[PDB]
Amino acid sequence: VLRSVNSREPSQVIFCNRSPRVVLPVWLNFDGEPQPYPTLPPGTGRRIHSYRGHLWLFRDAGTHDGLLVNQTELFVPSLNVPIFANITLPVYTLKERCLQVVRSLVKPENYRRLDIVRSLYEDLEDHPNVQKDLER
Amino acid sequence: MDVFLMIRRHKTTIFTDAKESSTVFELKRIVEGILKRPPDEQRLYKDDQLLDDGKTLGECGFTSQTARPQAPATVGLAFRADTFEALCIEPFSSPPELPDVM
Amino acid sequence: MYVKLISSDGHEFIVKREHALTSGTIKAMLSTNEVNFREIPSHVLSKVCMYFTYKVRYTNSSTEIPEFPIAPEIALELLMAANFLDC
Ligand SMILES: CNC(=O)[C@@H]1C[C@@H](O)CN1C(C)=O
């Protein structure tokens, strides 16, 4: 339902990682399956050959935190008059940002050992995920 | 360019912004609107240094890249009761001991 | 124009009303221009206010948004506050 269009029409794309995260580019193939590509270090760039009508999204390579590309969630290469794909941090909610920090300090096994409301215990293990966000 | 500040006195803290080109006096005008105290009854400090009314915030080392929204610069405030009290800023509460699981 | 947010240890934080209305919780507590937080100490509520300024600044900005910093010692308590405030 959310797949790349097999147009076979070449489209030069520049991946510009303007975030302090290691970015994992994800290409949704013609079946809708998320296909990972080589990661981009923070503040770095990379030139890749893609195609018109192809679906891309971007995540933190280590935590799968959601990232924005051109101020949205989905990047679709268009006709080349190289299309620029600006990858930036979104403004996370304070709750989600706090979750990211706690997850990176505590091993998933010790989520239960933390003194918090059980509601937070569940939120902590509900890690950001490509398939989870992939629905509509 | 906008600078982001914490104007602090005792247990009071004001979060506000201002232009780099704006003056220390103009910041006292802001404080006046909020705390109902005239500029002549106010003193503004960068750390321990008394700030002069005519100087711009940028001249006083409040730049848009050090007075950031997520990490605002601190401006000390001292009122006049007719003598001026000493600059006094109560520290925030201390964080608990870092949990062993962290 | 400005509202007052008081921490559990007496610290009084004064922020713009627009900034404070980020939290739907705080909006409800205002409706009376002061809110008392019995559970939120100073070192947490101060970060909450910094986030308000941060959020208003970088929402729909298109500029390179910087990371919102959270010290490891604060993360645990800030999470509980953020959860409660739906921030
Ligand atoms: C090296 N370039 C690729 O791998 C491109 C990028 C993406 O459109 C998918 N794709 C294919 C199927 O060739």
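Note: ideal-geometry Cβ built from the backbone for every residue, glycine included; neighbour counts use all protein chains shown. Bear in mind that the values in this text are calculations on the coordinates, not laboratory data.
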Spin-label zone in segment A:20-63 - amide nitrogen under 11 Å from a point set 7 Å from the Cα of residue A:80 along the C-beta vector: A:48-52
Distance between modelled label sites at residue A:132 and residue A:9, nm, 7 Å Cα→Cβ extension: 3.6 nm
Expressed to two decimals, the protein assembly as shown has a Cα Rg over Rh, using the Kirkwood radius, of 1.05
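Considering only the protein assembly as shown, what is the antiparallel percent among its DSSP beta bridges, to the nearest 5? Don't skip to the end; give the middle numbers.
Values: 44 of 61 bridges.
Expressed as a percentage, antiparallel bridges in the protein assembly as shown total about 70.
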Which whole number gives the average count of other chain Cβ atoms within 10 Å of the Cβ atoms across peptide B:38-49? 0
Scan around residue B:6 for amide H atoms under 5 Å from its own, H built in the peptide plane at 1.01 Å from N, and keep only partners 5 or more places away or cross-chain. B:73, B:74, B:75
Quick one: what are the phi-derived ³J(HN,Hα) couplings along segment B:65-80, Karplus 6.51/-1.76/1.60 with θ = phi - 60°, whole Hz, x for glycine and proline? 9, 10, 9, 7, x, 7, 8, x, 6, 9, 10, x, 10, 9, 8, 10
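Given the convex hull of the Cα atoms of chain B, what is a quarter of its surface area in nm²? Could the numbers behind the result be given before it?
Values: hull surface 31.0 nm².
If I average the Cα hull's projected area over directions, I get 7.8 nm².
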What share of all Cα pairs of chain C, in percent, falls into each consecutive 10 Å distance bin? 16, 52, 28, 4
Hey, for a label at residue B:36 modelled as a point 7 Å past Cα toward Cβ, could you say which residues of segment C:1-45 have their backbone N under 19 Å away? C:1-6, C:12-17, C:32-35
Taking the Cα of residue A:64, stepping 7 Å toward and past its beta carbon, and measuring to each backbone N in segment A:114-132: which are under 11 Å? A:126-132
What list of ³J(HN,Hα) values in whole Hz, one per residue of segment B:23-28 in order, does the Karplus curve 6.51 cos²θ - 1.76 cosθ + 1.60 (θ = phi - 60°) give from phi, with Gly and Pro shown as x? 9, 4, 4, 5, 6, 5
Can you give the three extents of the C-alpha atoms in segment A:1-88 along their principal axes, from longest to shortest, in whole Å? 33, 29, 22
Separation in nanometres of the label points that stand 7 Å from Cα toward Cβ, at residue C:31 and residue B:26: 3.3 nm
So what are the ³J(HN,Hα) numbers for segment C:56-64, from phi and the Karplus equation (6.51, -1.76, 1.60; θ = phi - 60°), rounded to whole Hz, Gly and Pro as x? 5, 5, 9, 6, 6, 10, 6, 6, 4
From the C-alpha gyration tensor of segment A:89-136, square roots of 5λ in Å: 20, 13, 10
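Distance cut-off 25 Å, Cα to Cα: go down the list B:28/C:27; A:95/B:19; B:36/C:16; A:107/C:55 and report the pairs above it. Walk me through the numbers before you get to the answer.
On the way: B:28/C:27 28 Å; A:95/B:19 31 Å; B:36/C:16 16 Å; A:107/C:55 29 Å.
From B:28/C:27; A:95/B:19; B:36/C:16; A:107/C:55, over 25 Å: B:28/C:27; A:95/B:19; A:107/C:55.
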With a point put 7 Å past each Cα toward its Cβ, work out how far residue C:84 is from residue B:83 in nm, to one decimal. 4.2 nm
